[PDB]
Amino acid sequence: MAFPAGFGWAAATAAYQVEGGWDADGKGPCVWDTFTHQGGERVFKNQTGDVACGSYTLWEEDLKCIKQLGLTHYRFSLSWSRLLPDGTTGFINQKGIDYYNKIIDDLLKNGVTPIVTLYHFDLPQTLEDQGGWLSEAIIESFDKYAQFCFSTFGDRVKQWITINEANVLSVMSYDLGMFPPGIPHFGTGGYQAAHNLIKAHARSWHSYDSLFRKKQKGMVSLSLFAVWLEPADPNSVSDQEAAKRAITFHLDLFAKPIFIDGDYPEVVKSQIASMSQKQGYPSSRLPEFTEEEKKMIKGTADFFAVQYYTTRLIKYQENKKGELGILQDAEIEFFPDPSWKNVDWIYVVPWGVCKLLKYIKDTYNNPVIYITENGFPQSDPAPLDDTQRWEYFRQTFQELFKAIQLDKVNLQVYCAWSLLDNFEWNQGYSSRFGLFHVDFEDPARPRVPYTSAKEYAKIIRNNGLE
C-alpha cells in the first residue's frame, strides 16, 4: 500500500499536556494550573501538568524522538499564558517566544514542517476570570493573540490550527463542566461557548487573510473532534436519522457555518428551538448569528482538520420529559457495539475513519484533509513491546489507504496522537498515548520508544504498508 508521494506523516502534542514549566520564566497561570492545583479528585490521583513530560526544559529530547521517527510534519501548540502571561500583548514573555522559535527553527533545519495550534484547551486564567468563552470579550482577545502569533512565527510557520476541538471544549469546559472552569451548565453553556468559539475563529481567519496571507502564504483551519456514528439498528429509520442527526450535532454544528454558509444546521436550530420553547425560554438556547455574522463566518477555513479516535452506535431517544441537555436536544443515546475492543472511551473501530473521511469529502466539497490527531492509549503501566496497539494502527492505516485509493479523499497529512505519553487531562498519566514512553517518576523524564514508534518509522520510511 503506497501512499501519495509527499504524504505527510506526523505526530502531535499540546502545550499543557507536555511542557511542564507551568510558572517558569514569568509564565502566567492557565485554567489547567488552577484546576489541577485545586485537587478534589477531578484528575486521576490529583495529578497535575506542573512538570508533565518537561518539554519546556527538554525540547532537545523531543527533537531526538521526532528525528528517530522521521516525521515530515510535527504538530504542537503554543501556550497563550506562556507567551502573554495576562492574555494580552501589554506584556510579552520573551523566553516564551525564544522557546517556540527554537522548536520551529530546529524543525525546519531538520526538514520537518511545523503545524501549530494556537489554543489547545488552555486559556490564560486571567481571561477565564473575564468570562472565558461565555463572554463576547474573548473574541477580540483571541483575535489579538492570533495576530501576535502570526506576526511572531508566521514567517516560518505556514500551517495553523486556531483552536483545538472547539466542539469538545464547548462541551467539556462549558456544558458538562468536566474541564476547567469546571461548572456544569447542562444544555446552556455549550452552545454559548460554541457561538463565541466560532466567531473568534472566523475573526482570526480574517486577520490572517487580510494582514498575513499575502506575504506568509500559509493556511489556517480549526480542528474538530469527530466520532463516526452508525444506527444501532441498521433497519430502523429512526436510528438511521438519529445517527445522521448526531453527526450533524457534534461535527457539522461547527463545520457548516465555517465551511458552508456561516449558519448552524437547520436540524440543530429547529431541535433546540422546539425544546427551548417547551422548557419556558422566551428565546432558543442556541444563539443566533446575525446576517452580517453569517457573511463574516462563511468560508473561514483553508482545509479540513479532523481528529478521529472512535465510533459509536446511535439510538433514537425521544425527549418525552423535555429534559435539559445536549443529548436530549439531539434526541439520541450512544453506546458501543459489544464486539469492539477498548481502552477507556477509545473503542477500536478503524473503519470509522474511512466512513468519516468519505463523509467529509461528500459534505464539505472535497476539501484538503489533515487528520491532526488519531491514536490509541495503553493503560498504565504499559508494555514497551506494544504489539497489540500497533495492530490497531496498522488497521487504521489500511483504512486511510482505502479512503485515498477507493474514495479519492484528499487526505494530505496524518498526525499520530501522541509523540509522548503525556498528561491526558482528567485521566492524568494513567492513559498513555505516546509513541514514546515517558517515566513520570524519574526527574529526567526519559523518553523510550514503544514498538509502535519503531513500526511507525518503518511506515514513514517506506511511505506505506505491506
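Heads up: residue numbers just count along the shown sequence, starting at 1.
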Open item on the list: Please compare 327-335 with 367-375 and name the stretch with the higher mean C-alpha B-factor in the deposited structure.
Closed with: 327-335
Task: Comparing 200-208 with 133-141, the one whose average Cα B-factor in the PDB entry is higher - done: 133-141
- [ ] Tell me which of 193, 149, 349, 258 tops the list for C-alpha B factor in the record.
- [x] 349
- [ ] Among 93, 77, 223, 240, single out the one with the highest C-alpha B factor in the record, please.
- [x] 240
- [ ] Give the position of residue 45 by CA B-factor within its chain, expressed as the lowest, middle or highest third.
- [x] highest
Open item on the list: Lowest, middle or highest third: which one holds residue 120 when the chain's residues are ordered by CA B-factor from the entry?
Closed with: lowest
- [ ] Could you tell me which third, lowest, middle or highest, the C-alpha B-factor of residue 267 occupies within its chain?
- [x] highest
TODO: Give the position of residue 28 by CA B-factor within its chain, expressed as the lowest, middle or highest third.
DONE: lowest
Open item on the list: Can you tell me whether residue 39 has a C-alpha B-factor in the lowest, middle or highest third compared with the other modelled residues of the same chain?
Closed with: highest
